[PDB]
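First comes the structure, then the notes that go with it.
Naming: A, B, ... by sequence-line order, numbering from 1 per chain.
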Amino acid sequence: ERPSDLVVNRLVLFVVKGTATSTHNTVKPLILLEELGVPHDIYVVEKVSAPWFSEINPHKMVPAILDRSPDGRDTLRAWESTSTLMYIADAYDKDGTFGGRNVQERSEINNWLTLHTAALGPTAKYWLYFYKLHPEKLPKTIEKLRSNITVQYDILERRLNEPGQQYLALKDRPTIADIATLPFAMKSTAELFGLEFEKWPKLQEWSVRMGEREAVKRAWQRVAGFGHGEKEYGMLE
Amino acid sequence: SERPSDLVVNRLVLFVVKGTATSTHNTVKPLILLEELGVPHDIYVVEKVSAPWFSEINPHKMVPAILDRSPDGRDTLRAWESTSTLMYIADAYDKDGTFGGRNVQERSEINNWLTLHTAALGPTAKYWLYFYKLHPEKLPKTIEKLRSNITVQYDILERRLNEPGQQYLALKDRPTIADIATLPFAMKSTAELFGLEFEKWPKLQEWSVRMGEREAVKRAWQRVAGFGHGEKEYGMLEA
Ligand SMILES: N[C@@H](CCC(=O)N[C@@H](CS)C(=O)NCC(=O)O)C(=O)O
Ligand SMILES: N[C@@H](CCC(=O)N[C@@H](CS)C(=O)NCC(=O)O)C(=O)O
């Protein structure tokens, strides 16, 4: 049984209470919702271990999405941050502004999106797990994961040093590849990993360029505040 | 840094390495979809993924990678990361959405189960193999935790395949690029390598056999094992 306040009249983005370490994945779909101006609700999950939530996301994490299918026949779900970006782009990015307009654009977008999904994303998550959450400290494992993060920054830096390559996938504009990468490739996160972000200057310039976008600013503000307003958990007003 | 003499792009070129039990579980993924769709393609066996010319194709310096002609045939494009090679082949060659998804509903579940593999089981399996075989020092506590995380991913797949009529991971009716991406890390041989009893996940085992019975999957496994063991060891294989 779902909570009484969980209804799907539009896209519902599932998040947790905003903290330094709880927002770096949930901010990704929120950035794209803000960029495209998609109507949406915010549901603050008290416990991702709740049986009702595992029916939405079997991996028992945020972000997750419930939405009405375009024909209204089904309730659709998206879970895994990369999948939430793919879903929003499919349903709402009509012109492929962030999803890609043609096979050539999508070939590069999917390369840099998947690189984050498979390499930096999971490496960063395992680094955080062993550094903070694992009952035993395994410094040899932590150091190897930190080393792997620097290799991923090296790859992103190489790409952004190519002539006229202002963004990761396309030269001209940011895509879901850029949105997926940003939260794990910015000064604050680099400092958490114990890295000097200035040692990747084109990657830092790129992170500031993305950070100056109004949709990205709004997304970061809102994800920090969720659960700290008038309502702590459930459907926000 | 100059491309080898025998590297030309007159059609889709799939970059692989010499076939072994632990060198084919990512390269087999695009090869399965190519065989399912009957896409014309060449095979290029890379001797050293560390070679500068190869890093210009895949900056992550791994297989699989693809070079192909653009739709209009005037330009060359690239796909790298196994999940990206599946998304590209589906975009360029699966116009009926048989494996890529025909509508927003289908693609929502395809992308959920494809991304779950790309983010969770795939990278966890890769880290497991790295610490087990490749890392200069054995870290058994790390290896054990990664092995435990694999069993959690198996539990999720088992739950999905226990749902009424859910014959495949994403769609009830047919396999998709989600199923193709998952199969190589969710079959008896790979489970045995991880030191797991695959029988503990009966619906997952039944699914792996159902996928394995497909003629395109049989052709992919037989071919990927042989790359680099034929009359030509490295470079562009003769079709
Ligand atoms: N692979 C997932 C990871 C998401 C993730 O790590 N979410 C955290 C943010 S706090 C979570 O749900 N953790 C809550 C918990 O398990 O306590 C993605 O990229 O979406
Ligand atoms: N995340 C990548 C991983 C691919 C991967 O692990 N590739 C290995 C398989 S052998 C590789 O290229 N190794 C080169 C070598 O050492 O021969 C994907 O899913 O495509």
Side-chain angles (χ1 to χ4, degrees), chain A residues 54 57-60 64-65 67 69-71 73-74 76-87 89-91 100 102-119 121-123 125-126 129-130 134 136 138 140-142 144-145 148 151-152 154-156 158-159, chain B residues 26 55 58-62 65-66 68 70-72 75-88 91-92 101 103-105 107-120 122-124 126-127 130-131 135 137 139 141-143 145-146 149 152-153 155-157 159-160:
Chain A
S54 76
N57 181 4
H59 205 193
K60 302 179 186 184
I65 289 172
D67 200 8
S69 68
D71 63 353
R73 292 294 311 281
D74 296 278
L76 306 185
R77 64 179 188 174
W79 39 271
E80 291 300 316
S81 59
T82 285
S83 184
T84 63
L85 288 173
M86 291 290 305
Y87 169 65
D90 193 5
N102 57 45
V103 168
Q104 185 133 32
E105 281 195 345
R106 290 196 288 274
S107 78
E108 278 308 298
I109 290 169
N110 289 331
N111 290 343
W112 294 97
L113 177 60
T114 303
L115 179 64
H116 181 74
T117 309
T123 293
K125 182 163 174 60
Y126 266 126
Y129 173 74
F130 283 117
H134 197 58
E136 190 173 355
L138 304 172
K140 290 175 174 170
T141 300
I142 295 162
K144 179 55 191 195
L145 292 167
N148 280 359
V151 171
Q152 289 302 126
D154 289 344
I155 292 169
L156 297 173
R158 170 171 183 176
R159 176 55 167 184
Chain B
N26 285 308
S55 79
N58 184 2
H60 206 192
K61 303 178 186 184
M62 291 189 303
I66 290 170
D68 198 4
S70 55
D72 74 340
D75 206 348
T76 301
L77 50 73
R78 62 183 187 174
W80 39 268
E81 285 298 313
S82 58
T83 284
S84 187
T85 66
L86 285 170
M87 292 169 86
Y88 168 65
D91 196 6
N103 62 25
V104 171
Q105 185 282 133
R107 289 194 295 271
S108 72
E109 281 309 307
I110 290 166
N111 287 329
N112 289 340
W113 294 97
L114 179 55
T115 306
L116 178 62
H117 182 74
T118 309
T124 294
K126 180 161 169 65
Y127 269 120
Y130 173 76
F131 287 113
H135 198 62
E137 161 167 26
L139 305 174
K141 290 169 186 175
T142 298
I143 296 165
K145 180 58 196 191
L146 292 167
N149 280 356
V152 173
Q153 291 307 307
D155 290 336
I156 292 168
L157 298 174
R159 170 173 183 173
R160 177 54 167 188

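Under the 4.5 Å side-chain criterion, counting only non-hydrogen atoms from C-beta, B:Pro59 is in contact with A:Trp112. With a 4.5 Å cut-off on side-chain heavy atoms, A:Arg158 and B:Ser55 count as touching. Counting heavy atoms from C-beta outward, B:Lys145 and A:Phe130 have side chains that approach closer than 4.5 Å.
Counting heavy-atom pairs closer than 4.5 Å to chain A, the top-ranked of the candidates B:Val104, B:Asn112, B:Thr115, B:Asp91 is B:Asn112. In terms of non-hydrogen atom pairs under 4.5 Å with chain B, the most contact-rich of A:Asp74, A:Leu115, A:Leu138 is A:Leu115. Contacts with chain B were tallied for A:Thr123, A:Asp154, A:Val151; A:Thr123 has the most, counting heavy-atom pairs under 4.5 Å.
Atom-to-atom distance recorded for B:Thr142:OG1 and A:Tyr126:OH is 10.5 Å, nearest 0.5 angstrom. To the nearest 0.5 Å, atom CD of residue A:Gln104 and atom CG of residue B:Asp68 are 10.5 Å apart. Between the NZ atom of B:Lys141 and the CD atom of A:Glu136 there is a distance of 3.5 Å, given to the nearest 0.5 Å.
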Item to check | side-chain contact (heavy atoms from CB on, under 4.5 Å) evaluation trace for A:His116 with B:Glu81 | outcome: CA-CA 10 Å; A:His116 181 74; B:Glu81 285 298 313; over 6 Å; no
Checklist entry - Stepwise, does the side-chain contact (heavy atoms from CB on, under 4.5 Å) test hold for B:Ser108 with A:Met86? => result CA-CA 8 Å; B:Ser108 72; A:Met86 291 290 305; over 6 Å; no
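With hydrogens and angles ignored, the 3.5 Å screen pairs no side-chain donor or acceptor of B:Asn111 with any backbone N or O of A:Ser83.
In this structure, chain B has no heavy atom under 4.5 Å from any part of A:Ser81.
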